[PDB]
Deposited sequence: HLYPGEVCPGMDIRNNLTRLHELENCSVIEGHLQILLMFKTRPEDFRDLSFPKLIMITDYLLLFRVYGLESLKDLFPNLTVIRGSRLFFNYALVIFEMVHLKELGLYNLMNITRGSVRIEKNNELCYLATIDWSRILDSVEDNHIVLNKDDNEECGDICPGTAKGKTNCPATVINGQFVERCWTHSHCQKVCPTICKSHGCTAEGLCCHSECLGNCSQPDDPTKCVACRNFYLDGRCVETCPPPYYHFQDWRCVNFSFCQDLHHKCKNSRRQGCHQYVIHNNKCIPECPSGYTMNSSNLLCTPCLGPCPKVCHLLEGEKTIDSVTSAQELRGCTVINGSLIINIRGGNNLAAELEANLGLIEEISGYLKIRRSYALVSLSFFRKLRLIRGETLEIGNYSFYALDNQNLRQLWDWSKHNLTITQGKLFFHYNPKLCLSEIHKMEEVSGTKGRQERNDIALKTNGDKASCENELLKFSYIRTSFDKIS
């Protein structure tokens, strides 16, 4: 029993911190940073004993006043590290008052490494055996703490003539292991692997991770090695459930609610889909989802791809700039074509721009010396003209010295919902090709007097 919370970045003041009040699990990361005015008194009776697990990482940076984590997160047992801070699952950095970690229930970091650095009061580090918590401690970075530069006096719980705490080896020295003066490190028998064990040493169930309340019972785990469902740790999610966030099982209707919740009010949320029995944010590469079944299916030809231009306009002046639109089938914005030359161009432009089916704004072709046709825009069938070039033009062609074809109007259809046509200084382009464009595109009658030049279109060609 417990609530699942999203990740949080808590800075400046402790105010939003109380949002963790009821979380047993953070589905995301937790960053606590940059609290310079906090002092011990602020933390004394501040505690989140419900928190068992974080799916990503825990980062603590420059938080003043805090001397231990033993009361904040007494029961945090697993950091999964599904996402990392670079490659770290735990970061403790310039915590200037921190005297111990005290994460006395931390059993497993499932992915990622540990970075503990520049904590000038920090002791009880030498007493942690991290090889029990992470598979590879080779990339841990634990330096410049009090422990290094000084004598720490890391006193573990212990009888006047033994030492209660378990002891493990460094290279050759056996060393007793603890988090605090009051708390040992839990160390299980090796047959238990990462599953945990009860206090009498009996192994938790193989679907458990870290710890359990009773031995060999997959309903008595503190956390799951694989997936969580209805009070039980399971190896995979059974039908009819889906794997979510790499740790819990959810039903179709849950996935469906995320999908619709998002697609509506659009922040940074995704419209969730189903793929390989997972409920995920978006279809993988080569897949798309257009059905009410939510199911990713392989693209019939090339995948749809909406490119929204936050600057409103993009100018294409090279193969390199064209490539920036590679794979796009819908442009939200306007395109300006200004290509003065290049290599294997008609083919290069068709490769990168040939899948665009719609442009919501305008299309402008200007000083594109190198172009003889616009037919590289193989699939362009709609310009909406929701945005227009001054003078209310949705298609505009100026000073293109070699242009002799727009599209082949015997095969290509192009619709232009709003706006006018502008054609000036296209000397190799016959007026009949322009007039065919007006007919095909539905722009007949929109053009005013000096919009299409009679004298500067086709004057260097033979026409009709």
{"property": "Deposited-sequence ranges lacking C-alpha coordinates, in sequence order", "result": "1-3, 166, 272, 470-486"}
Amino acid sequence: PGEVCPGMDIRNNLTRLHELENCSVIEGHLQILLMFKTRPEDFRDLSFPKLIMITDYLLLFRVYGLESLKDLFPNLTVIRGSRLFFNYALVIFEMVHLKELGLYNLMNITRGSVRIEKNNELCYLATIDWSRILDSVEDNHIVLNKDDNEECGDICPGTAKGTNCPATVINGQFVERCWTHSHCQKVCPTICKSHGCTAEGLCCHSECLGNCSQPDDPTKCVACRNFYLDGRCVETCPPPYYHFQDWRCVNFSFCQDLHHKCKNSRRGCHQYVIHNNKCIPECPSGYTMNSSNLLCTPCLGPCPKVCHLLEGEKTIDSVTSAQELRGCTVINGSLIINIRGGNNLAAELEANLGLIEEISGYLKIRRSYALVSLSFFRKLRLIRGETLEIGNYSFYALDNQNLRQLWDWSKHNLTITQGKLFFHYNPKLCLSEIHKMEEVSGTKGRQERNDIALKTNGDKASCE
From here on, numbers count along this sequence of modelled residues.
| query | finding |
| --- | --- |
| 67-75 versus 256-264 - greater average Cα B-factor per the deposited record | 256-264 |
| 353-361 or 340-348, whichever carries the higher mean Cα B-factor | 340-348 |
| Out of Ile109, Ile116, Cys156, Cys249, residue topping the C-alpha B-factor column of the entry | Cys156 |
| Selection by C-alpha B-factor (highest) of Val372, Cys269, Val91, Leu335 | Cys269 |
| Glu389, C-alpha B-factor rank within chain (lowest, middle or highest third) | middle |
| CA B-factor placement of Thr320, once the chain's modelled residues are sorted into thirds | lowest |
| Position of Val440 among the chain's modelled residues by C-alpha B-factor, lowest, middle or highest third | middle |
| Chain thirds of CA B-factor: placement of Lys455 | lowest |
| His424 CA temperature factor, ranked by third within the chain | lowest |
